[PDB]
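# Tertiary structure, described
Here are the chains, one letter per residue:
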Amino acid sequence: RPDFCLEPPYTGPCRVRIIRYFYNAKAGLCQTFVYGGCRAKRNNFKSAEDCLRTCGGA
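Residues numbered from 1 in each chain as written, not as in the entry; some residues may be left out. Heavy atoms only, no water.

Right, let's talk about the side chain of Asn 24 for a bit. Mapped onto the elements of the fold, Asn 24 is located in the loop between β1 (18–23) and β2 (30–35). Since its relative accessible area comes to 13%, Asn 24 is described here as buried. A distance of 2.7 Å separates a polar side-chain atom of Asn 24 from the backbone nitrogen of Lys 26. A polar side-chain atom of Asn 24 sits 3.2 Å from the main-chain amide nitrogen of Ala 27. With residues up to four places along the chain from it excluded, the contact list for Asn 24 reads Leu 29 and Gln 31. (Helix = DSSP H or I, 4+ residues; strand = E, 2+ residues; numbered from the N terminus. Buried < 20%, exposed > 50% of the residue type's maximum accessible area, 1.4 Å probe, protein only. Polar contact = N/O pair within 3.5 Å; in protein donor to acceptor, adjacent residues only side chain to side chain. Contact = heavy atoms within 4.5 Å.)

Quick look at the structure:
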């Protein structure tokens with residue numbers, strides 16, 4: 001569980017529709033969001049696998 005894993009998702013004020021993944025501290029699992037390609041934060045994976053691969057869920 002890396003520090004950044006506890007970093008909220010960032011959709012930015014851009015005009016796009018991307019399905020990124022993050023580590024939800026409420027569900028404890030990695031969820032997706034409609035990222036807009038604006039200043040993508042650290043907690044932004046391209047897939048649920050990358051998420052678990054980065055923060056290690058399970």
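That was the structure; now back to the text.
Look at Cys 5 and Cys 55: UniProt pairs them in a disulfide, and at 2.0 Å between sulfurs the bond is present in this structure. Of this pair, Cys 5 sits in the segment before β1 while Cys 55 sits in helix α1 (residues 48–55), and the two are 50 residues apart along the sequence. Grouping residues by exposure puts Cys 5 and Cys 55 together as buried. Between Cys 30 and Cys 51, where UniProt places a disulfide, the sulfurs come within 2.0 Å of each other, which fits a bond. In this pair, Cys 30 sits in strand β2 while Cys 51 sits in helix α1, placing the two residues 21 residues apart along the sequence. Exposure class is identical for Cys 30 and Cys 51. Each is buried. (Disulfide = S-S within 2.5 Å. UniProt positions renumbered as here; feature names shortened; annotations may be inferred.)

The next subject is the state of the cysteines. Counted according to the given criterion, the structure contains 3 disulfides. Residue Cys 5 pairs covalently with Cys 55 via a disulfide, S to S 2.0 Å. Between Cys 5 and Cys 55, the S-S torsion sits near -75°, and that sign places the bridge as left-handed. Between the sulfur atoms of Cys 30 and its disulfide partner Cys 51 the distance amounts to 2.0 Å. Its S-S torsion of about -75° marks the bond between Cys 30 and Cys 51 as left-handed, since a negative value means left-handed.

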